[PDB]
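Given as structure tokens, the chain that follows is alone and in the form deposited in one PDB entry.
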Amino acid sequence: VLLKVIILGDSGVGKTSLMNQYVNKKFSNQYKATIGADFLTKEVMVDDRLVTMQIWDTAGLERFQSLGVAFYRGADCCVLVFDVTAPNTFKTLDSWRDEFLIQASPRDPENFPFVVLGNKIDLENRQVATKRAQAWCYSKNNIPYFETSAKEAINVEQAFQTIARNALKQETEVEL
């Protein structure tokens, strides 16, 4: 059982940090822009069930975005990340959501698993209100929302638990 998860979001929101924190329990304040898309794997237990989580990290900068988009189509869950201290990254969520739908072409789009992460909550200069973020998530088809901190490892395991659970459900429905 291989679960494919795709992480999308603007440059600098912390996609790579979140993945490394979750997969390797490691964080680095040093920024290294992601080029293209690639994955890291992590075997995990989803409600007493072993699965191989294939987590795809992508380039937030359009300049480093690859033309290869085949990795999308079989996705079981799409993770949308934004920076709680940067409203601009929150306003682009619809574009990221739409890009995922277009590239993955899931059947029954409105029910495909999306999980939103408001990252960098550890910073004092927060600018995106929780209520505002929850409202957007609700306007979608009520997709789960988690406020996280890759740096302080806050809510990372919890968020990925839901990501893994929902990805499994989607995966199961597909094979059926």
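Residue numbers here begin at 1 and follow the sequence given. Rigid core (definition): largest C-alpha set, two forms, superposition within 1.5 Å. Shifts are known only where both forms have a C-alpha.
For the two regions 91-99 and 69-77, the entry's Cα B-factors average higher over 69-77.
For the pair 134-142 and 43-51, the mean B factor over Cα atoms is greater in 43-51.
Among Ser17, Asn166, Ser11, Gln158, the highest C-alpha B-factor in the deposited entry belongs to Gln158. Residue-level temperature factors show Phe112 in the lowest third of its chain, judged at the C-alpha atom. Residue-level temperature factors show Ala59 in the middle third of its chain, judged at the C-alpha atom.
In this PDB entry, the Cα temperature factor of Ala129 sits in the bottom third of its chain's modelled residues, the lowest group. The PDB entry assigns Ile121 a C-alpha temperature factor belonging to the middle third of its chain's modelled residues. Per-chain ranking of the deposited C-alpha B factor places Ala150 in the middle third.
Form solved in complex with a partner chain: not shown, discussed below.
When you look in the entry with it bound, the only residue of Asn141, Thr130, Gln127, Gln65 with a non-hydrogen atom within 4.5 Å of its partner chain is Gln65.
Residues within 4.5 angstroms of its partner chain in the entry with it bound, judged by any non-hydrogen atom, belong to 35-43 and to none of the other stretches in 35-43, 144-152, 116-124, 130-138. At a distance threshold of 4.5 angstroms between non-hydrogen atoms, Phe90 is out of contact with its partner chain in the entry with it bound. Using a 4.5 Å cutoff between non-hydrogen atoms, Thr85 does not count as a contact of its partner chain in the entry with it bound. Once the two forms are fitted on their rigid core, between the shown form and the other one the CA displacement reaches 2 Å or more only for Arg49 among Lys140, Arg126, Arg49, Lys26.
In the core-superposed comparison between the shown form and the other one, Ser66 has its Cα shifted by at least 2 Å. Note on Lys151 and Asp47: their C-alpha atoms are more widely spaced in the entry with it bound, a change of at least 3 Å from this conformation. If you compare C-alpha positions, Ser66 and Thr16 are 3 angstroms or more farther apart in the entry with it bound than in the form on display. 46-49, 63-66 are the runs of at least 3 consecutive shared residues whose C-alphas each shift by 2 Å or more between the shown form and the other one once the core is superposed.
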